[PDB]
Amino acid sequence: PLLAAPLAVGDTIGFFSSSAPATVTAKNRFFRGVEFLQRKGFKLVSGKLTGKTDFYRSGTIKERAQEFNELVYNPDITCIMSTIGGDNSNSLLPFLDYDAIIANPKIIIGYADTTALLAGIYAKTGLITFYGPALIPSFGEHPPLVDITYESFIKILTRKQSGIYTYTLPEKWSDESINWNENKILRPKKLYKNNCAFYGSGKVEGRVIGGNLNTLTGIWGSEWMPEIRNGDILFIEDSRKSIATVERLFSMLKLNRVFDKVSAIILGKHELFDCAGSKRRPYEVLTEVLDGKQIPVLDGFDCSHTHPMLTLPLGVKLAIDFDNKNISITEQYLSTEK
Amino acid sequence: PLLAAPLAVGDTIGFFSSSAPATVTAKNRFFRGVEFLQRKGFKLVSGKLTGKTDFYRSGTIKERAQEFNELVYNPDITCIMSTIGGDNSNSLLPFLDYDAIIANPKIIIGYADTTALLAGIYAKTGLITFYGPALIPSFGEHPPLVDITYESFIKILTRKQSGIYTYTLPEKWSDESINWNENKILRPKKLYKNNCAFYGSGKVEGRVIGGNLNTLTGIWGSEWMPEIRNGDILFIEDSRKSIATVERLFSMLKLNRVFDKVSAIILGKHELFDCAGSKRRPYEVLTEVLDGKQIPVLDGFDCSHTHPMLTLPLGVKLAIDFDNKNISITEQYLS
Ligand SMILES: Nc1nc(=O)c2ncn([C@@H]3O[C@H](COS(=O)(=O)NC(=O)[C@@H](N)CCC(=O)O)[C@@H](O)[C@H]3O)c2[nH]1
Ligand SMILES: Nc1nc(=O)c2ncn([C@@H]3O[C@H](COS(=O)(=O)NC(=O)[C@@H](N)CCC(=O)O)[C@@H](O)[C@H]3O)c2[nH]1
């Protein structure tokens, strides 16, 4: 794969708004996230749509593509980070400068709707991009959880690329929809013990592919959807969905023969899943849809809309040890030097 | 294509619940729809999941597939009609009896989430199915709008198959969210003049394909999504979506090169579209997404979640005359 140069303390991070204009609509949280990264020593470059609104989005399709391309063209930038998702980054895909991305590989990171860009860029260029923090939701989170998110971000992106990397499991997590865009918390979030489950045995190693599953529907079938291959590990997460929607999306995968190919599935923790009173969890729905197909599942990986969030390279090999209950990156995902 | 026998007054209609359990959750409206069709002379056969609930759905994936298949196996049934949509009919697709459908073609009709079945059945069998009334939302509607829906249903499904059929535009329509499952009516729905628009010139004729666009995402890429081909007319409608979602869905089509293939697009009226204060309509969003491509568009066809609803065969040729502002079925669609 095509690899970006690694991150280092003091580097420049550029940020872009490919969908929702949250630098305006969540401006307090945005400022807290900016301050958070600056205090860590990063220099920030604001994308040209910062502070702008076009109702539900930051700008026209072309304006948003331009905003992103301009960061790619900036030789001082090591990391290009989403401000926040939304619904609309898939629109940009015909207009991104893929040749410039190939010529100037950078760390591209975000999650949620930004999946369309992460997956589409990988499909077009082979660049290893990252499912991980977006500036506003992730780094504007109040302590204590933001510190755990940051620890994963800095570890994954700065560590020496030698030997496998085994993830640490956050001790506590939350998905509550509070403390969003004000100076002070209303009250502390509920902190849940980590209930991640490893359904299976032995060790499975394969290329990880995926992201936000609902968002993948916006690129599905196109040249921007990376082909899923035999032996891949499917990584999928969703946020604030009804069980009805989750069944629909899992069945979409089934119809597409995805479950005939993949050797394991990672379900990110689902933020505020709505079980419609059934008390069922997504894994149970997946099990019905699988119709007897035995695939080991890591249910509840902390790389999703829940806090804290780990950083995950997409398109490289991972190894899930279902017996020892751990997950590791086993393939180089950044260049050894800048 | 594979064609079902035409409907006749007095025939048996079977109904199924492939997703939301609205025979329970909208029981009053359900009874109204049943009574409406019975009064027209139809016999009704209730699918085996009628009156059942599994929280958000009528039953397990396999039980819902069985419910549908059992209607196919019933020799007395000439029309299989959805009760209502939901989110989950795509789950049934691996389990439908496509061979039985081929062996005994029937009129299969519904809309919204049921698109997954209409499209999937067409993909597997070539059967011409129908985007049109579902029992509860469509036939449980109060007069006067239900009468216009029924007039289209009966005209399309019973007419002799000779010469083209040209649609008649409803004079008024509504998308107002009232009088759903209440027993008496607060008042009549607000009525709007028909603002349907023909953007283009000349006449375009091609096979119509599509349905509820959001629902198509649940079958996209699979063997159950019919291939869109050069010359097709794309028919798409959505309901109660944000402009953000509509942009996403239109861009999905663009990324899939759909707009390089289609000869025209029909947008069904979008029930209670949420423009996020932009005052933009779906057509304006489509225009941005198209990035200059000159595709003629029939904007606001009455075959969607709005009332009244016309009945549309899927998979046969239509002709849209943009100069004379009309739309016709030009290919035989029942035996
Ligand atoms: N309390 C609160 N108020 C907000 O206005 C708000 N806007 C965003 N968020 C949180 O930010 C997170 C990321 O927002 S997002 O715009 O990046 N989300 C997305 O792109 C996907 N949720 C869209 C795809 C999908 O959900 O299917 C969400 O999980 C919310 O928890 C908010 N939370
Ligand atoms: N006013 C009103 N009150 C209700 O409680 C209610 N419950 C359902 N409905 C209407 O039924 C109609 C059909 O619902 S459905 O389950 O058949 N719809 C669908 O499957 C699609 N909306 C799914 C695809 C999508 O929307 O993305 C919709 O237009 C709703 O407005 C209601 N309308």
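Letters A, B, ... mirror the listed sequences (proteins, then strands); counts begin at 1. For ligands, and for the atoms within them, numbers begin at 1 and follow the listed sequence.
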Quiz item: So, do A:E176 and A:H307 sit near enough that their side-chain heavy atoms are less than 4.5 Å apart?
Solution: no

Quiz item: Considering residues at least two apart in sequence or located in another chain, which fulfil the side chain to side chain donor-acceptor pair (under 3.5 Å) criterion with B:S17?
Solution: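 B:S17 satisfies side chain to side chain donor-acceptor pair (under 3.5 Å) with B:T83 only.
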
Quiz prompt | For B:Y122, side-chain contact (heavy atoms from CB on, under 4.5 Å) partners two or more places apart | solution =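 Here the qualifying residues are B:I128, B:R207, B:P226.
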
Quiz item: For B:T215, which residues count as a side-chain contact (heavy atoms from CB on, under 4.5 Å) partner, sequence neighbours excluded?
Solution: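 Listed in chain order: B:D113, B:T115, B:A116, B:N212.
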
Quiz item: So which protein residues pack against ligand 1 under 4.0 Å, heavy atoms counted?
Solution: A:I84, A:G85, A:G86, A:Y111, A:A112, A:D113, A:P137, A:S177, A:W180, A:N212, A:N214, A:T215, A:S239, A:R240, A:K241, A:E271, A:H305

Quiz item: Distance-only, no hydrogens or angles: does the B:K269 side chain make a donor-acceptor pair with backbone N or O of B:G300 under 3.5 Å?
Solution: yes

Quiz item: Under 3.5 Å, is there a donor-acceptor pair between the side chain of A:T311 and the main chain of A:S152?
Solution: no

